[PDB]
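Here the structure comes first, spelled out in structure tokens, and everything after it is commentary.
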Amino acid sequence: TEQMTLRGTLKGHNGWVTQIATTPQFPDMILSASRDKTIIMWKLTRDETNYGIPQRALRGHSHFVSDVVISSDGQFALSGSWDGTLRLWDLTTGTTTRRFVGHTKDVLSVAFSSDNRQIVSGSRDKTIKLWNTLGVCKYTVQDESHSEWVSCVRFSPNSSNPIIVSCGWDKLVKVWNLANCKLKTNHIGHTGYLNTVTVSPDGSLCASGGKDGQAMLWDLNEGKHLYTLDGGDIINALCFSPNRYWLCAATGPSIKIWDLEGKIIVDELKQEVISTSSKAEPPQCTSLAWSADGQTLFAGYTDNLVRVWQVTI
Amino acid sequence: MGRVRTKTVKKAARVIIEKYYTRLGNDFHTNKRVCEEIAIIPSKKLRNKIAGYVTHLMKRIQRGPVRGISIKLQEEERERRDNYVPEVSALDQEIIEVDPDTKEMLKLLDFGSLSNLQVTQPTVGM
RNA sequence: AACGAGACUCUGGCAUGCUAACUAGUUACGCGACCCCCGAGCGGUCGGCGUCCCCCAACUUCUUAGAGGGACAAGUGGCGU
């Protein structure tokens with residue numbers, strides 16, 4: 001039966017792992033961000049003595065790098081940072097193409113479109129904003145926006161239509177359609193602020209979570225509240241699987257991998273159980289991302305490590 | 001060394017946790033930025049202090065109840081302890097009997113049921 | 001509850017992040033000139049030495065001074081009611 005083994009663990013950070021992402025073009029790369037103010041591009045050897053080595057280290061920020069995302073070609077990479085700026089990397093030696101100037105506060109969330117021509121940003125400005133790849137502002141959203149910090153935005157894969165998700169700490173999830181830039185809907189739910197949201201690879205769903213730590217499911221186009229599940233104390237990051245209908249929820253002491261059909265927990269990932277006391281005996285898990293193979297998944301922790309796992313039958 | 005926190009910190013730290021309990025994390029940096037938005041602290045160094053004490057309080061509030069300030073969920077569990085305890089619903093176990101010299105009082109007050117007799121020895125400490 | 005203490009102001013220590021500079025520099029050539037073969041080669045060229053030449057060159061690391069960020073007993077282990 002499909003179950004999990006502890007694969008290995010990476011090392012090479014002085015700051016807490018904030019995000020991880022992986023391009024399906026090169027699954028032999030993997031990319032990471034951290035509060036050591038650098039994004040590290042790795043070189044994955046599949047030896048079990050290690051599991052990878054840092055290849056290069058991209059440098060140049062004056063505050064944390066919150067979120068990071070790959071290009072659809074894997075030849076570019078983009079970052080959002082708490083210095084209020086973004087950078088557009090050339091992941092071959094270094095040498096930033098462009099830095100995006102204009103925010104008054106942190107840039108928390110960021111995402112990179114499928115056509116590689118639209119780039120969004122969530123900010124503690126309380127503004128979602130759109131960005132040309134030339135590094136200028138196609139649009140700015142300041143009407144019908146969140147009344148609190150913007151937690152996470154997403155581009156939605158679709159048949160062709162433009163839809164983007166937005167969720168803030170005002171305990172609401174707003175869906176936006178481009179070329180009118182209007183509220184498609186407002187979804188109400190979750191007591192306490194929202195941390196994260198993520199969209200299905202098919203794109204008709206929004207799995208949302210927050211302080212509540214409950215996983216509520218919404219319909220993108222039907223606009224209906226499907227159901228709610230108790231996901232534990234707090235869920236900081238979510239990521240669907242590419243080759244299954246699972247959903248992997250990142251809670252503090254454990255990662256909870258959920259089968260969706262039927263609705264049940266498959267397993268709970270436990271890491272090293274080393275004796276420590278008392279407020280967070282293991283480090284909290286904060287980010288996670290699947291590989292495109294779907295065999296292996298990765299995790300971000302606050303001990304500066306990325307723990308690897310692998311599915312075993 | 002030294003650097004014992006003053007009262008100006010401890011006064012506002014309690015207040016800021018009471019009315020913005022939800023916004024708090026347990027990280028330094030997140031709790032800083034919240035205090036920056038829900039209030040203005042007119043210095044920068046002062047801000048870095050009030051955050052750190054707000055953090056240090058929030059550690060203890062996730063254990064038993066603090067005696068300097070109140071939150072809602074503690075007053076919930078207060079009410080839950082103070083309306084029924086699981087120990088009894090019976091009064092007290094319904095039948096309790098008593099020894100003589102109490103029976104003599106009850107004899108002269110028209111009661112004559114549910115008693116035992118033991119006539120325990122003399123005397124105090126003896 | 002108030003004054004003093006602290007808070008505050010100035011100064012030092014951390015920026016290959018931000019802002020911009022022939023009354024500040026660096027780098028790059030374009031160089032042409034001088035110099036010694038001093039090294040491969042021949043003296044040229046390539047390399048080395050500074051100065052003049054420097055631009056309608058490129059940049060702001062160094063220098064300059066402004067806006068910002070950073071340190072909080074923050075994290076861990078002991079100890080303390």
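By convention here, the chains of the structure tokens are called A, B, ... in the order presented, each chain's residues are numbered starting at 1, and ligands are numbered starting at 1 in the order presented.
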Practice item. Hey, list the chain B side of the contact with chain C: 7 Å cut-off, only C-alpha atoms (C1' of nucleotides), answer as a count of residues only. Key: 4
Exercise for review: Tell me which protein, DNA and RNA residues are within 12 Å of segment 54-66 of chain C, counting only C-alpha atoms (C1' of nucleotides), leaving out same-chain ones fewer than 2 positions away, and put them as a ChimeraX atom specification.
Suggested key: /C:15-16,18-32,52,68
Proximity of chain A to chain C: per-residue shortest pair, 12 Å limit, only C-alpha atoms (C1' of nucleotides), as a Markdown table:
```
| residue | atom | partner | partner_atom | distance |
| --- | --- | --- | --- | --- |
| A:15 | CA | C:75 | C1' | 11.8 |
| A:16 | CA | C:75 | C1' | 11.9 |
| A:37 | CA | C:17 | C1' | 10.5 |
| A:59 | CA | C:16 | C1' | 9.4 |
| A:60 | CA | C:17 | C1' | 6.4 |
| A:61 | CA | C:17 | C1' | 5.2 |
| A:62 | CA | C:17 | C1' | 4.8 |
| A:63 | CA | C:69 | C1' | 7.0 |
| A:64 | CA | C:69 | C1' | 10.6 |
| A:81 | CA | C:17 | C1' | 11.2 |
| A:82 | CA | C:69 | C1' | 9.7 |
| A:83 | CA | C:69 | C1' | 7.7 |
| A:84 | CA | C:18 | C1' | 10.2 |
| A:85 | CA | C:18 | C1' | 9.7 |
| A:86 | CA | C:17 | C1' | 11.7 |
| A:87 | CA | C:17 | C1' | 11.7 |
| A:99 | CA | C:18 | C1' | 11.0 |
| A:100 | CA | C:18 | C1' | 11.8 |
| A:101 | CA | C:18 | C1' | 9.7 |
| A:102 | CA | C:18 | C1' | 11.3 |
| A:104 | CA | C:68 | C1' | 10.9 |
| A:105 | CA | C:68 | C1' | 11.1 |
| A:106 | CA | C:69 | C1' | 11.6 |
| A:276 | CA | C:76 | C1' | 9.3 |
| A:277 | CA | C:76 | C1' | 9.9 |
| A:278 | CA | C:76 | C1' | 11.2 |
| A:279 | CA | C:76 | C1' | 11.4 |
| A:280 | CA | C:75 | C1' | 11.6 |
| A:281 | CA | C:76 | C1' | 11.0 |
| A:283 | CA | C:75 | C1' | 11.5 |
| A:302 | CA | C:75 | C1' | 10.8 |
| A:303 | CA | C:75 | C1' | 10.3 |
```
Exercise for review: With a distance threshold of 9 Å and counting only C-alpha atoms, extract the residues of chain A near chain B and express them as an MDAnalysis selection string.
Suggested key: chainID A and resid 169 192:193 211 279
**Study point:** For residue 65 of chain B: contacts at 8 Å, only C-alpha atoms (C1' of nucleotides), fewer than 3 positions along chain excluded, given as an NGL selection string
**Key:** :B and (61 or 70 or 74)
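When the distance limit is 10 Å and only C-alpha atoms (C1' of nucleotides) are what count, the residues near residue 5 of chain B, minus those fewer than 2 positions from it on the same chain, are residues 2, 3, 7, 8, 9, 10, 49, 50 and 53 of chain B; 6 of chain C.
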Point to revise | Near-residue 31 of chain A list (12 Å; only C-alpha atoms (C1' of nucleotides); drop same-chain fewer than 6 positions) as a PyMOL selection string | key: chain A and resi 17-24+38-44+52-58+67-71+74+76-79+91+288-289+291+298-300+306
Emit the selected residues as a PDB file, in the first residue's frame, including C-alpha atoms.
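This is the output file part03.pdb:
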```
ATOM      1  CA  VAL A  17      12.888  27.891   4.930  1.00  0.00           C
ATOM      2  CA  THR A  18      10.056  30.124   3.741  1.00  0.00           C
ATOM      3  CA  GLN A  19       9.070  28.450   0.461  1.00  0.00           C
ATOM      4  CA  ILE A  20      10.198  25.721  -1.883  1.00  0.00           C
ATOM      5  CA  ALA A  21       9.190  25.199  -5.509  1.00  0.00           C
ATOM      6  CA  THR A  22      10.290  22.912  -8.344  1.00  0.00           C
ATOM      7  CA  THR A  23       9.941  23.239 -12.133  1.00  0.00           C
ATOM      8  CA  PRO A  24       8.614  20.116 -13.961  1.00  0.00           C
ATOM      9  CA  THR A  38      19.122  34.318  -0.262  1.00  0.00           C
ATOM     10  CA  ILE A  39      17.473  31.793  -2.566  1.00  0.00           C
ATOM     11  CA  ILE A  40      19.539  28.642  -3.030  1.00  0.00           C
ATOM     12  CA  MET A  41      19.536  26.578  -6.221  1.00  0.00           C
ATOM     13  CA  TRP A  42      20.467  22.971  -5.554  1.00  0.00           C
ATOM     14  CA  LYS A  43      22.132  20.106  -7.369  1.00  0.00           C
ATOM     15  CA  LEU A  44      20.358  16.873  -6.572  1.00  0.00           C
ATOM     16  CA  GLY A  52      21.847  17.169  -2.661  1.00  0.00           C
ATOM     17  CA  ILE A  53      24.400  19.952  -2.508  1.00  0.00           C
ATOM     18  CA  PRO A  54      23.884  23.727  -3.112  1.00  0.00           C
ATOM     19  CA  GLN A  55      24.990  24.547  -6.671  1.00  0.00           C
ATOM     20  CA  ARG A  56      24.909  28.343  -6.425  1.00  0.00           C
ATOM     21  CA  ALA A  57      23.483  30.902  -4.043  1.00  0.00           C
ATOM     22  CA  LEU A  58      21.679  33.946  -5.406  1.00  0.00           C
ATOM     23  CA  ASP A  67       8.032  33.422  -1.608  1.00  0.00           C
ATOM     24  CA  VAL A  68       9.762  32.247  -4.726  1.00  0.00           C
ATOM     25  CA  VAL A  69       8.444  30.642  -7.888  1.00  0.00           C
ATOM     26  CA  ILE A  70       9.975  29.109 -11.003  1.00  0.00           C
ATOM     27  CA  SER A  71       9.471  30.016 -14.653  1.00  0.00           C
ATOM     28  CA  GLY A  74      12.954  26.909 -15.829  1.00  0.00           C
ATOM     29  CA  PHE A  76      14.138  32.327 -15.066  1.00  0.00           C
ATOM     30  CA  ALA A  77      13.108  32.586 -11.445  1.00  0.00           C
ATOM     31  CA  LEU A  78      11.373  35.318  -9.517  1.00  0.00           C
ATOM     32  CA  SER A  79      11.240  36.348  -5.867  1.00  0.00           C
ATOM     33  CA  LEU A  91      19.141  31.189 -13.207  1.00  0.00           C
ATOM     34  CA  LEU A 288       5.837  22.130   1.310  1.00  0.00           C
ATOM     35  CA  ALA A 289       5.808  21.260  -2.371  1.00  0.00           C
ATOM     36  CA  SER A 291       7.858  16.962  -7.163  1.00  0.00           C
ATOM     37  CA  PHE A 298       9.744  18.217   0.242  1.00  0.00           C
ATOM     38  CA  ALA A 299       9.097  20.321   3.327  1.00  0.00           C
ATOM     39  CA  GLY A 300      10.245  23.620   4.798  1.00  0.00           C
ATOM     40  CA  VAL A 306      14.435  20.650   4.046  1.00  0.00           C
TER      41      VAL A 306
END
```
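Counting only C-alpha atoms (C1' of nucleotides), residue 244 of chain A has the following residues at most 12 Å away, ignoring those fewer than 6 positions along the same chain: residues 2, 200, 201, 202, 257, 258, 259, 260, 261, 290, 292, 293, 294 and 295 of chain A.
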Practice item. Based on DSSP run over this structure's backbone, return all residues of segment 165-305 of chain A in strand (DSSP E), as a PyMOL selection string. Key: chain A and resi 165-168+172-177+182-188+194-199+205-210+214-219+225-230+238-240+246-250+255-259+264-269+285-290+296-301+305
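Once residue 24 of chain B and its same-chain neighbours fewer than 5 positions away are set aside, residues 16, 17, 30, 31, 32, 34, 35, 54, 55 and 58 of chain B remain within 10 Å of it when counting only C-alpha atoms (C1' of nucleotides).
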Could you save those same residues with C-alpha atoms as a compact mmCIF listing (two decimals), in the first residue's frame?
```
# COMPACT_ATOMS: atom_id res chain seq x y z
CA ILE B 16 -2.28 44.94 23.01
CA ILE B 17 -2.67 41.19 23.73
CA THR B 30 5.36 38.82 12.82
CA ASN B 31 4.33 40.17 16.26
CA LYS B 32 6.42 43.30 15.57
CA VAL B 34 1.24 43.67 13.90
CA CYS B 35 2.06 46.15 16.72
CA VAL B 54 4.24 40.51 23.70
CA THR B 55 5.98 37.38 22.30
CA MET B 58 2.04 34.75 24.45
```
Exercise for review: Taking the DSSP assignment computed from this structure's backbone, write out as a ChimeraX atom specification all residues of chain B that belong to helix (DSSP H, G or I).
Suggested key: /B:7-19,28-37,45-61,72-81,103-107
Revision key, fill the gap. Between atom CA of residue 107 of chain A and atom CA of residue 44 of chain B lies a distance of 21.2 Å
